[PDB]
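Peer 1: Just passing along the structure, written as structure tokens.
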Amino acid sequence: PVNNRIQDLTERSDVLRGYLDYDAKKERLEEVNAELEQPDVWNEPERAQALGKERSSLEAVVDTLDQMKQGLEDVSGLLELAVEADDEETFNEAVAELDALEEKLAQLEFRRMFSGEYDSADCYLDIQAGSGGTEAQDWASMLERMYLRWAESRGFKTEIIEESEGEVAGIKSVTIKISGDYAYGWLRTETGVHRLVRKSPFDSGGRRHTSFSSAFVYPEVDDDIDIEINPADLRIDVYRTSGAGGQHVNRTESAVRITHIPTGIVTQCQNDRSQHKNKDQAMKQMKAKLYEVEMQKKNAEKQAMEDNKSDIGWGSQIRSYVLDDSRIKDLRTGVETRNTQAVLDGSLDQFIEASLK
Amino acid sequence: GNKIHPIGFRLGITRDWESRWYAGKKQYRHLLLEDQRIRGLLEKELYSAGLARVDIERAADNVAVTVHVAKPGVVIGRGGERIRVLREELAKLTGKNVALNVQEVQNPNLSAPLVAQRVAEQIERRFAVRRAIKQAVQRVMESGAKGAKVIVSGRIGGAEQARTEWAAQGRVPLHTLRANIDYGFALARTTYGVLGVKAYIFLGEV
Amino acid sequence: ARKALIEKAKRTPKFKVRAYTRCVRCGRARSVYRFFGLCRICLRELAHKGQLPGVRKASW
RNA sequence: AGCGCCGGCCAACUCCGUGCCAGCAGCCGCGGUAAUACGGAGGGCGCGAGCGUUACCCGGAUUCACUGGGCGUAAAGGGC
RNA sequence: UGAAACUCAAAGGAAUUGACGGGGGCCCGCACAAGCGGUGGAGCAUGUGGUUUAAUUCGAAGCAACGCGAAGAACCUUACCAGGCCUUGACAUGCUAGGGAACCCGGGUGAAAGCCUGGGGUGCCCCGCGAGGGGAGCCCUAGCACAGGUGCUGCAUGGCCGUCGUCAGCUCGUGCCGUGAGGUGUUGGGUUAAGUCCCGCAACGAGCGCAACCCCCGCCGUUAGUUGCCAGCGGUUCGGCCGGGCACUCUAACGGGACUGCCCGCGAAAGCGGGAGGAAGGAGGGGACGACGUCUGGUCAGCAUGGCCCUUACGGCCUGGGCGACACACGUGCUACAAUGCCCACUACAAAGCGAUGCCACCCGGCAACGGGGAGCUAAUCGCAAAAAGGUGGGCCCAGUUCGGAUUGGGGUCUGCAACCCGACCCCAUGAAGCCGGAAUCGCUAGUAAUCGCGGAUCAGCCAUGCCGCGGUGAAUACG
RNA sequence: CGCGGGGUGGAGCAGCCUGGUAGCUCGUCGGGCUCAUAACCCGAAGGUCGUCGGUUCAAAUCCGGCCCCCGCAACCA
RNA sequence: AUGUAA
Ligand SMILES: [Mg+2]
Ligand SMILES: [Mg+2]
Ligand SMILES: [Mg+2]
Ligand SMILES: [Mg+2]
Ligand SMILES: [Mg+2]
Ligand SMILES: [Mg+2]
Ligand SMILES: [Mg+2]
Ligand SMILES: [Mg+2]
Ligand SMILES: [Mg+2]
Ligand SMILES: [Mg+2]
Ligand SMILES: [Mg+2]
Ligand SMILES: [Mg+2]
Ligand SMILES: [Mg+2]
Ligand SMILES: [Mg+2]
Ligand SMILES: [Mg+2]
Ligand SMILES: [Mg+2]
Ligand SMILES: [Mg+2]
Ligand SMILES: [Mg+2]
Ligand SMILES: [Mg+2]
Ligand SMILES: [Mg+2]
Ligand SMILES: [Mg+2]
Ligand SMILES: [Mg+2]
Ligand SMILES: [Mg+2]
Ligand SMILES: [Mg+2]
Ligand SMILES: [Mg+2]
Ligand SMILES: [Mg+2]
Ligand SMILES: [Mg+2]
Ligand SMILES: [Mg+2]
Ligand SMILES: [Mg+2]
Ligand SMILES: [Mg+2]
Ligand SMILES: [Mg+2]
Ligand SMILES: [Mg+2]
Ligand SMILES: [Mg+2]
Ligand SMILES: [Mg+2]
Ligand SMILES: [Mg+2]
Ligand SMILES: [Mg+2]
Ligand SMILES: [Mg+2]
Ligand SMILES: [Mg+2]
Ligand SMILES: [Mg+2]
Ligand SMILES: [Mg+2]
Ligand SMILES: [Mg+2]
Ligand SMILES: [Mg+2]
Ligand SMILES: [Mg+2]
Ligand SMILES: [Mg+2]
Ligand SMILES: [Mg+2]
Ligand SMILES: [Mg+2]
Ligand SMILES: [Mg+2]
Ligand SMILES: [Mg+2]
Ligand SMILES: [Mg+2]
Ligand SMILES: [Mg+2]
Ligand SMILES: [Mg+2]
Ligand SMILES: [Mg+2]
Ligand SMILES: [Zn+2]
């Protein structure tokens, strides 16, 4: 089977030369070598950085796909020289330096996973109904259970966080915690609206019926609740209270105002007779105003998700699972697997790996 | 949907078997198989003739195939040329005394399987299926039959939506045993797919 | 896996157990009658056709 | 020698590609895998130094009805 | 008093045919009621959903999917998975190039498939004593065209089937009514299992259905008398055993018989009620038989077949594994929970079928499965075969038990190349749940339900408690 | 450290003061009725009693410390 | 009480 475990390294390298543009990097690496050779290249050492480390960023690409096309050809002659001589050491020595090139190739395939800051966080998966109706709430449930079987395969945690079962039959919404390694990297290329076309069991006269559902994936960042505030940027003002009180309100600076310098937020207090029973309050309320603003940043980011996703609607598919003629076209890339009821069982590798490009 | 085959329904009442002989537990299977091969070979080669019935008889170690056809000449050949040519091709497979006869089909337009292959042929010729069917039923009634019914099922005219067209005249009492009704089936292979044909001719209440 | 099998069922085996009836008309492996060499479907088709000698619709 | 068109209105039909996508559209409506309705091709129809489109006017509109319409239930008898 | 922007390709009026109504009237069907026995609870068998898995191949989805395609999955089957393999192929036809090719026999390697090989030897048919060239069915390696696919679409299809529904209906021809869709006939009154028939009628006829003609069971007759049967005599070693006879019973063909035919009563008739005769009476009991159409019903995995897809692979061979998994969930069944019962000994009465490495009488060995002898039988002669309930006698005495046989240990028999996964049977021991089952729910109106056994197809064997048949015993209840 | 009332299954609440049993409604899981859902019917699962420290043979319960929570109070200059 | 969307 070893001559078939080098044939899979020939396919994994061609797909690596296709998306990475083996020609637009063999060419770009040549223009960097033409500029850095001149000793008069250190004229603005900032420019030399983005070229000297870029040349090492293109020599980790061009030169690696050169030692994979030549290194595997030297193994196609080393495995037939140990069979026709009964030499059993030439055959331990043509696979050892073959599994090291399978790591040089597997490492360079992590130019698909190393494209997203932090692609190992125990991500979450949000499937929502919408479109189709009761048919799609069934469809959203089938798409729910499908990803569960997916995570069952590659080895993750499937903790459902939040559900909402459909009114008639099905699921309106689900949140799954995909706790694992490279978890966000895998499911990241699933963010979209999956389309289902089939005979609806819910339609009175059993017609052919389209129903949509979405899956949205985000990684895991933590609480990020309260933020520290040192008095080095707070400016506490003091003055006299206003209104009733008598003499002990005329000669007493009992009211306080705490103005935060970088934020620009002001806050006062004057309730109690003591300046520091008021300053206690003014720190309290001040914590509150910063907690509001730092909240408003995140809710603004929340609406950024809402306003950039959308919309579990018709002209909005990424993949189309049509069960009435047995096909699942991923109109993004796009594969055309005919095993509909095998993808619904969790064979999304056919799509994930091919759609990380 | 429902209706039972009208010939299989009258065997030994109004209708007679087409392979008539005896065989025991130990022999029956092998005789029947080659017998169908006899039916197999002849069904293709004798189509051009207008093959209607295939009666077959057997006596200890010898078998006689009596072929009904509308155009006997097309079967026998030139002065008896092919009828001999066939008997040898036949009894080659058979390996026994294969007396190969021919018999007249007095009025093919009262033979249901014949009427059926006509229309099946007609619609492979891209004819107006309704016209074919109306035509077919009219001759069969002209030729004196007390009743006739013809139906064709499939992509009629090539249409994507399959449909069934039939036409009938006089009586066709499929529930009555004592009514003699010939039945026949013909498969029409087209560019867009297969069409099915049923022909019912009511010869009489015998 | 059909024609290879409508064929292989004819061919002699490694052990006499591996032999099995296929319907000589359509190649069916199930409900093959020894007496006819036919499956229940072919048996019904021919019987109605009248091409089974002595065989008839049984009514009692 | 070019321009429009070839589902019905309305004259001119088949092959491939696409697969409620890309797109068409004056109205009815086409496209969710075998589309004479989308794109191309072949073929055809209509005009020809032009051919289409858009805007506007009259016509069809007898749909403001003098020619030449209506009002029980369709729009419409005033509460008397 | 009274706009507009915007927006829609309609909003509407009447009437037609259906469908529906928590509208009416008149009807029918184990639909209910009236009863009998169950399912749901237990244990197990089986199918399914899930989940599990390298794969646990696929289809079936309310009725009408779920002991269904599967009327026989250890390998085969097998369509899935893993690995070892094959490229003109396991199979069809037609070529091109170089060769003998037949056909039979072995070696090594290997889990097999396969791979690498060593041999005998095409007798064919044209010239000749002949060397010898020449025929070609047939093989080897190549190169071809091709084959091959249980891969997709039952929403492109044929065929076949399920279903409403054995329901009483669905239409046509001519005529008449309406601008028209359409109506009339087909409605109405009576009757029937029925659009069954009678009468009436702008209808008059006609077709597909209904009924009948077909099959089994009932009574009787004719023909026929062994391989079947003995009423009578003989012999009878008691076994129709032998003679002898074909009456019987029987067997299997052919007919007869039932048609509301006859009497009484109601009625216009059709028909309805009662009585006789009769084996049988109002359709005698059961079967076959399924209208135009419905469910864009089921089946491309029986087969056929358009289109689409795979060609060192989505083809093909093999070995092994899987289809038999198991936290659970549902359907269908088997065995039960006991005294109208269980067990033991003895002892009667069936039918329909099957039978040549088939059934296997009788004998011997073994507790037994079975093994070893060995008669008979192309089957009314021989065998499977004991029918079981029942009957007679005895034991048990209400106890999770002489109930109940699940589970498990051990020891075997047989089939088969091979019983680890994964066969059935026998024996010893083990002796679980289960004390009559929640909500809910099924079948059956007479030889029916209940209960009791027997046979067959499939099949080496068998996971059959399934299915298709067969007879034995034999109820309850139907006001409505 | 103002006074006094609380924190109990998923939600909302009883049970404390008289120490040994945690109960009610909804929800939830399984089964039914339905062509299907809701409603309805049968059956089930479910709680460190906010914590930390121990009193008592024994703490949801009695007594302190801390953590949040609701209500009241914060007056005379 | 309800049953969307070819
Ligand atoms: Mg929701
Ligand atoms: Mg349905
Ligand atoms: Mg004051
Ligand atoms: Mg002061
Ligand atoms: Mg077998
Ligand atoms: Mg034009
Ligand atoms: Mg035209
Ligand atoms: Mg096209
Ligand atoms: Mg065009
Ligand atoms: Mg156009
Ligand atoms: Mg105008
Ligand atoms: Mg005008
Ligand atoms: Mg006027
Ligand atoms: Mg007007
Ligand atoms: Mg009005
Ligand atoms: Mg008025
Ligand atoms: Mg008014
Ligand atoms: Mg007035
Ligand atoms: Mg307007
Ligand atoms: Mg109005
Ligand atoms: Mg109206
Ligand atoms: Mg009604
Ligand atoms: Mg009932
Ligand atoms: Mg009842
Ligand atoms: Mg049970
Ligand atoms: Mg399939
Ligand atoms: Mg079985
Ligand atoms: Mg195998
Ligand atoms: Mg269909
Ligand atoms: Mg069909
Ligand atoms: Mg299907
Ligand atoms: Mg008429
Ligand atoms: Mg009419
Ligand atoms: Mg009618
Ligand atoms: Mg009518
Ligand atoms: Mg009639
Ligand atoms: Mg008699
Ligand atoms: Mg009768
Ligand atoms: Mg009938
Ligand atoms: Mg369908
Ligand atoms: Mg196996
Ligand atoms: Mg007896
Ligand atoms: Mg005996
Ligand atoms: Mg017992
Ligand atoms: Mg008891
Ligand atoms: Mg009844
Ligand atoms: Mg058996
Ligand atoms: Mg049995
Ligand atoms: Mg306690
Ligand atoms: Mg429930
Ligand atoms: Mg405390
Ligand atoms: Mg609602
Ligand atoms: Zn068959």
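In the structure tokens, chains take letters A, B, ... by order of appearance, with residues numbered from 1 within each chain and ligands from 1 in the order shown.
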When you look at stretch 263-274 of chain A with a cut-off of 9 Å (counting only C-alpha atoms (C1' of nucleotides)), what residues show up, excluding the ones that are within fewer than 5 positions of it in the same chain? I need them as a count of residues only.

Peer 2: 24

Peer 1: Need the shell around residue B:186: protein/DNA/RNA residues with any atom at most 10 Å away, counting only C-alpha atoms (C1' of nucleotides). Skip same-chain ones fewer than 3 positions apart. Format as a PyMOL selection string?

Peer 2: (chain B and resi 113-121+152+189+195-199) or (chain E and resi 158)

Peer 1: Residues within 8 Å of stretch 340-354 of chain A, please, as a PyMOL selection string. Count only C-alpha atoms (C1' of nucleotides); anything in the same chain fewer than 3 positions from it doesn't count.

Peer 2: chain A and resi 142-143+146-150+153+186-187+189-190+321-323+326-328+330+333+335+337+357

Peer 1: For the residues in the current selection, export N, CA and C atoms as a short mmCIF file (atom, residue, chain, number, x, y, z; two decimals), in the first residue's frame.

Peer 2:
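As a result, part_19.cif now contains:
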```cif
data_model
loop_
_atom_site.label_atom_id
_atom_site.label_comp_id
_atom_site.auth_asym_id
_atom_site.auth_seq_id
_atom_site.Cartn_x
_atom_site.Cartn_y
_atom_site.Cartn_z
N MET A 142 -32.12 18.43 10.90
CA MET A 142 -31.24 17.52 10.18
C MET A 142 -29.83 18.09 10.05
N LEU A 143 -29.72 19.40 9.81
CA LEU A 143 -28.42 20.05 9.70
C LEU A 143 -27.74 20.15 11.05
N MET A 146 -26.40 16.63 11.79
CA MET A 146 -25.31 16.32 10.87
C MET A 146 -23.96 16.78 11.44
N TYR A 147 -23.90 18.02 11.92
CA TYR A 147 -22.66 18.54 12.49
C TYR A 147 -22.29 17.79 13.76
N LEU A 148 -23.28 17.29 14.50
CA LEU A 148 -22.98 16.48 15.68
C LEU A 148 -22.23 15.22 15.29
N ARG A 149 -22.68 14.54 14.24
CA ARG A 149 -21.98 13.36 13.75
C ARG A 149 -20.61 13.72 13.17
N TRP A 150 -20.49 14.91 12.57
CA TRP A 150 -19.19 15.41 12.13
C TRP A 150 -18.20 15.49 13.28
N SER A 153 -16.82 12.31 14.61
CA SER A 153 -15.76 11.66 13.85
C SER A 153 -14.38 12.19 14.24
N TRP A 186 -11.62 24.23 11.45
CA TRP A 186 -12.42 23.29 10.67
C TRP A 186 -13.76 23.89 10.28
N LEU A 187 -14.60 24.18 11.27
CA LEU A 187 -15.97 24.63 11.06
C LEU A 187 -16.08 26.06 10.56
N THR A 189 -15.26 27.34 7.72
CA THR A 189 -15.73 27.41 6.34
C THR A 189 -17.13 26.82 6.19
N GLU A 190 -17.91 26.83 7.27
CA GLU A 190 -19.31 26.43 7.24
C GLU A 190 -20.27 27.60 7.42
N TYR A 321 -28.20 21.16 -0.79
CA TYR A 321 -28.36 19.71 -0.66
C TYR A 321 -29.74 19.40 -1.24
N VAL A 322 -29.77 18.83 -2.44
CA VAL A 322 -31.03 18.47 -3.11
C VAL A 322 -31.19 16.96 -3.07
N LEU A 323 -32.18 16.49 -2.31
CA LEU A 323 -32.35 15.06 -2.08
C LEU A 323 -33.25 14.36 -3.11
N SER A 326 -30.43 13.34 -5.71
CA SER A 326 -29.19 12.93 -5.06
C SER A 326 -27.99 13.76 -5.53
N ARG A 327 -27.93 15.00 -5.04
CA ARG A 327 -26.73 15.82 -5.21
C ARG A 327 -26.62 16.81 -4.06
N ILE A 328 -25.38 17.24 -3.81
CA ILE A 328 -25.09 18.31 -2.86
C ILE A 328 -24.01 19.20 -3.48
N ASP A 330 -21.78 22.37 -3.54
CA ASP A 330 -21.25 23.48 -2.75
C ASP A 330 -20.87 24.58 -3.73
N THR A 333 -17.29 26.41 -4.49
CA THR A 333 -15.98 25.93 -4.96
C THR A 333 -15.81 25.22 -6.34
N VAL A 335 -17.71 21.28 -5.16
CA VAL A 335 -17.85 19.83 -5.31
C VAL A 335 -19.32 19.49 -5.62
N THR A 337 -20.68 16.01 -4.90
CA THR A 337 -20.87 14.66 -4.35
C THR A 337 -22.31 14.20 -4.51
N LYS A 357 -9.67 27.35 1.03
CA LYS A 357 -8.68 27.93 0.14
C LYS A 357 -8.93 29.41 -0.24
#
```

Peer 1: Can you check which residues of chain B DSSP gives as alpha helix (DSSP H) on the backbone and send them as a PyMOL selection string?

Peer 2: chain B and resi 28-45+72-76+81-94+112-124+129-142

Peer 1: Under the rule that only C-alpha atoms (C1' of nucleotides) are counted, which of A:135, A:152, A:301, A:40 is the nearest residue to chain G?

Peer 2: A:135

Peer 1: Kindly provide, as a ChimeraX atom specification, all nucleotide and amino acid residues lying within 12 Å of ligand 53, counting only C-alpha atoms (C1' of nucleotides) and all ligand atoms.

Peer 2: /C:6,21-33,36-46 /E:302-303

Peer 1: Could you give me, as a PyMOL selection string, the residues within 9 Å of stretch 63-76 of chain D, counting only C-alpha atoms (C1' of nucleotides) and dropping anything in the same chain fewer than 3 positions from it?

Peer 2: chain E and resi 12-14

Peer 1: Any residue with an atom at most 9 Å from ligand 38 counts, using only C-alpha atoms (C1' of nucleotides) and all ligand atoms. Which are they? Put them as a list in words.

Peer 2: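 The distance check yields residues 283, 284, 285 and 286 of chain E.
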
Peer 1: Could you save the residues just selected, with N, CA and C atoms (P, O5', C5', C4', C3', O3' and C1' of nucleotides), as a PDB file, in the first residue's frame?

Peer 2:
```
ATOM      1  P     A E 283     -82.096 -13.895  -2.292  1.00  0.00           P
ATOM      2  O5'   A E 283     -81.787 -14.858  -3.523  1.00  0.00           O
ATOM      3  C5'   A E 283     -80.671 -14.630  -4.376  1.00  0.00           C
ATOM      4  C4'   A E 283     -79.674 -15.758  -4.284  1.00  0.00           C
ATOM      5  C3'   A E 283     -79.593 -16.409  -2.904  1.00  0.00           C
ATOM      6  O3'   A E 283     -79.555 -17.857  -2.952  1.00  0.00           O
ATOM      7  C1'   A E 283     -77.503 -15.363  -3.447  1.00  0.00           C
ATOM      8  P     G E 284     -78.298 -18.785  -3.379  1.00  0.00           P
ATOM      9  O5'   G E 284     -78.382 -19.971  -2.319  1.00  0.00           O
ATOM     10  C5'   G E 284     -78.969 -19.753  -1.041  1.00  0.00           C
ATOM     11  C4'   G E 284     -78.359 -20.636   0.019  1.00  0.00           C
ATOM     12  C3'   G E 284     -76.894 -20.379   0.351  1.00  0.00           C
ATOM     13  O3'   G E 284     -76.706 -19.311   1.265  1.00  0.00           O
ATOM     14  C1'   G E 284     -77.216 -22.684  -0.003  1.00  0.00           C
ATOM     15  P     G E 285     -75.353 -18.441   1.231  1.00  0.00           P
ATOM     16  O5'   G E 285     -74.221 -19.447   1.731  1.00  0.00           O
ATOM     17  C5'   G E 285     -74.021 -19.699   3.115  1.00  0.00           C
ATOM     18  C4'   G E 285     -72.721 -20.423   3.371  1.00  0.00           C
ATOM     19  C3'   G E 285     -71.468 -19.787   2.786  1.00  0.00           C
ATOM     20  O3'   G E 285     -70.961 -18.710   3.553  1.00  0.00           O
ATOM     21  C1'   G E 285     -71.476 -22.078   2.263  1.00  0.00           C
ATOM     22  P     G E 286     -70.340 -17.429   2.807  1.00  0.00           P
ATOM     23  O5'   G E 286     -69.003 -17.980   2.133  1.00  0.00           O
ATOM     24  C5'   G E 286     -67.820 -18.135   2.905  1.00  0.00           C
ATOM     25  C4'   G E 286     -66.778 -18.988   2.218  1.00  0.00           C
ATOM     26  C3'   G E 286     -66.018 -18.362   1.060  1.00  0.00           C
ATOM     27  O3'   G E 286     -65.031 -17.420   1.440  1.00  0.00           O
ATOM     28  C1'   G E 286     -66.652 -20.539   0.463  1.00  0.00           C
TER      29        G E 286
END
```

Peer 1: Determine which residues of stretch 140-344 of chain A receive a DSSP assignment of strand (DSSP E or B), computed from the backbone, and state them as a PyMOL selection string.

Peer 2: chain A and resi 157-165+171-179+192-199+208-218+234-239+255-260+268-269+319-322+327-329

Peer 1: Please list as a list in words every residue within 12 Å of residue D:46, counting only C-alpha atoms (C1' of nucleotides) and excluding residues in the same chain fewer than 3 positions away.

Peer 2: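 Once the nearby chain positions are removed, what remains is residues 3, 4, 5, 6, 10, 11, 12 and 51 of chain D.
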
Peer 1: Contacts of residue G:2 at 12 Å or less, counting only C-alpha atoms (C1' of nucleotides), minus same-chain residues fewer than 5 places along, as a list in words?

Peer 2: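 The residues that qualify are residues 167 and 168 of chain A; 36, 37, 38 and 39 of chain F.
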
Peer 1: Taking only C-alpha atoms (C1' of nucleotides) into account and nothing else, which residues of chain B lie no more than 10 Å away from chain E? Please answer as a PyMOL selection string.

Peer 2: chain B and resi 1-4+9-10+12-14+153-155+158-162+168-179+186-197+205

Peer 1: Filtering to C-alpha atoms, could you give me those residues as a PDB file, in the first residue's frame?

Peer 2:
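New file out-v4.pdb:
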```pdb
ATOM      1  CA  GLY B   1     -53.387  -0.736 -10.872  1.00  0.00           C
ATOM      2  CA  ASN B   2     -55.702  -3.741 -10.863  1.00  0.00           C
ATOM      3  CA  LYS B   3     -56.985  -5.749 -13.897  1.00  0.00           C
ATOM      4  CA  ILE B   4     -55.859  -9.393 -14.254  1.00  0.00           C
ATOM      5  CA  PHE B   9     -57.619 -15.968 -16.628  1.00  0.00           C
ATOM      6  CA  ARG B  10     -59.294 -18.216 -19.224  1.00  0.00           C
ATOM      7  CA  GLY B  12     -58.674 -24.294 -19.865  1.00  0.00           C
ATOM      8  CA  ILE B  13     -62.019 -22.510 -20.063  1.00  0.00           C
ATOM      9  CA  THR B  14     -62.099 -20.345 -23.185  1.00  0.00           C
ATOM     10  CA  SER B 153     -49.248   4.140 -21.912  1.00  0.00           C
ATOM     11  CA  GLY B 154     -46.042   6.185 -21.693  1.00  0.00           C
ATOM     12  CA  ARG B 155     -44.560   9.500 -22.833  1.00  0.00           C
ATOM     13  CA  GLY B 158     -42.740  12.421 -26.283  1.00  0.00           C
ATOM     14  CA  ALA B 159     -44.363  14.484 -23.508  1.00  0.00           C
ATOM     15  CA  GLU B 160     -42.541  14.751 -20.171  1.00  0.00           C
ATOM     16  CA  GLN B 161     -45.792  13.909 -18.412  1.00  0.00           C
ATOM     17  CA  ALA B 162     -46.697  10.239 -18.909  1.00  0.00           C
ATOM     18  CA  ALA B 168     -63.186   1.235 -27.456  1.00  0.00           C
ATOM     19  CA  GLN B 169     -66.246   0.097 -29.412  1.00  0.00           C
ATOM     20  CA  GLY B 170     -68.918  -2.581 -29.018  1.00  0.00           C
ATOM     21  CA  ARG B 171     -68.535  -4.924 -26.039  1.00  0.00           C
ATOM     22  CA  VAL B 172     -65.431  -5.990 -24.099  1.00  0.00           C
ATOM     23  CA  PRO B 173     -66.699  -7.946 -21.038  1.00  0.00           C
ATOM     24  CA  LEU B 174     -63.474  -8.901 -19.174  1.00  0.00           C
ATOM     25  CA  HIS B 175     -65.520 -10.259 -16.243  1.00  0.00           C
ATOM     26  CA  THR B 176     -67.323 -12.870 -18.349  1.00  0.00           C
ATOM     27  CA  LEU B 177     -65.533 -16.225 -18.638  1.00  0.00           C
ATOM     28  CA  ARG B 178     -67.620 -17.448 -21.614  1.00  0.00           C
ATOM     29  CA  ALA B 179     -66.637 -14.426 -23.692  1.00  0.00           C
ATOM     30  CA  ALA B 186     -46.404  -4.669 -27.703  1.00  0.00           C
ATOM     31  CA  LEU B 187     -43.388  -2.678 -26.482  1.00  0.00           C
ATOM     32  CA  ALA B 188     -42.457   0.433 -28.499  1.00  0.00           C
ATOM     33  CA  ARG B 189     -38.823   1.522 -27.958  1.00  0.00           C
ATOM     34  CA  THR B 190     -38.463   5.218 -28.814  1.00  0.00           C
ATOM     35  CA  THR B 191     -35.823   7.958 -28.590  1.00  0.00           C
ATOM     36  CA  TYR B 192     -37.366   9.337 -25.379  1.00  0.00           C
ATOM     37  CA  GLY B 193     -38.356   6.026 -23.781  1.00  0.00           C
ATOM     38  CA  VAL B 194     -40.614   2.967 -23.736  1.00  0.00           C
ATOM     39  CA  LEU B 195     -44.326   2.901 -24.623  1.00  0.00           C
ATOM     40  CA  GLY B 196     -46.733   0.135 -23.523  1.00  0.00           C
ATOM     41  CA  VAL B 197     -49.572  -1.218 -25.672  1.00  0.00           C
ATOM     42  CA  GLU B 205     -69.188 -15.430 -26.452  1.00  0.00           C
TER      43      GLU B 205
END
```

Peer 1: With only C-alpha atoms (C1' of nucleotides) as the counted atoms, please give the residues lying no more than 10 Å from stretch 42-56 of chain F, apart from itself and same-chain residues fewer than 4 positions off, as JSON, numbers by chain.

Peer 2: {"E": [438, 439, 440], "F": [7, 8, 9, 10, 19, 22, 28, 29, 30, 31, 32, 60, 62, 63, 64, 65, 66, 67, 68]}

Peer 1: Residues of chain G were defined as contacting chain A if any atom lay at most 8 Å from it, counting only C-alpha atoms (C1' of nucleotides); please report them as a PyMOL selection string.

Peer 2: chain G and resi 3-6

Peer 1: Please give me, as an MDAnalysis selection string, the residues lying within 10 Å of ligand 10 when counting only C-alpha atoms (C1' of nucleotides) and all ligand atoms.

Peer 2: chainID D and resid 5:7 24:25 30 37

Peer 1: Could you check how far atom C1' of residue E:154 sits from atom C1' of residue E:60, in Å to one decimal?

Peer 2: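 Interatomic distance here is 13.0 Å.
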
Peer 1: Compile the residues of chain E that lie within 8 Å of chain C, evaluated using only C-alpha atoms (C1' of nucleotides), and express the compilation as a PDB file with C-alpha atoms (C1' of nucleotides), in the first residue's frame.

Peer 2:
```pdb
ATOM      1  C1'   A E  70     -36.359 -11.706   2.036  1.00  0.00           C
ATOM      2  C1'   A E  71     -41.080 -18.780   0.163  1.00  0.00           C
ATOM      3  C1'   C E  75     -18.720 -18.838   3.167  1.00  0.00           C
ATOM      4  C1'   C E  76     -22.401 -18.572  -1.265  1.00  0.00           C
ATOM      5  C1'   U E  77     -26.245 -15.412  -1.317  1.00  0.00           C
ATOM      6  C1'   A E  79     -25.568  -5.298  -3.642  1.00  0.00           C
ATOM      7  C1'   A E  90     -17.084 -13.356 -15.097  1.00  0.00           C
ATOM      8  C1'   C E  91     -20.413 -12.468 -20.002  1.00  0.00           C
ATOM      9  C1'   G E 149     -22.316  -0.966 -13.173  1.00  0.00           C
ATOM     10  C1'   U E 150     -27.717  -3.703  -7.326  1.00  0.00           C
ATOM     11  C1'   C E 215     -63.496 -23.688  -9.217  1.00  0.00           C
ATOM     12  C1'   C E 216     -63.970 -26.219  -4.137  1.00  0.00           C
ATOM     13  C1'   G E 286     -66.652 -20.539   0.463  1.00  0.00           C
ATOM     14  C1'   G E 287     -63.206 -19.106  -3.870  1.00  0.00           C
ATOM     15  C1'   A E 288     -61.874 -16.907  -8.508  1.00  0.00           C
ATOM     16  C1'   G E 302     -36.875  -9.000 -10.391  1.00  0.00           C
ATOM     17  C1'   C E 303     -36.916  -7.500 -15.541  1.00  0.00           C
ATOM     18  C1'   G E 316     -14.378  -8.071 -11.964  1.00  0.00           C
ATOM     19  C1'   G E 416     -21.425 -28.489   6.070  1.00  0.00           C
ATOM     20  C1'   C E 417     -14.534 -26.955   3.146  1.00  0.00           C
ATOM     21  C1'   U E 458     -37.728 -21.799   0.224  1.00  0.00           C
ATOM     22  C1'   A E 460     -26.882 -28.864   2.735  1.00  0.00           C
TER      23        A E 460
END
```
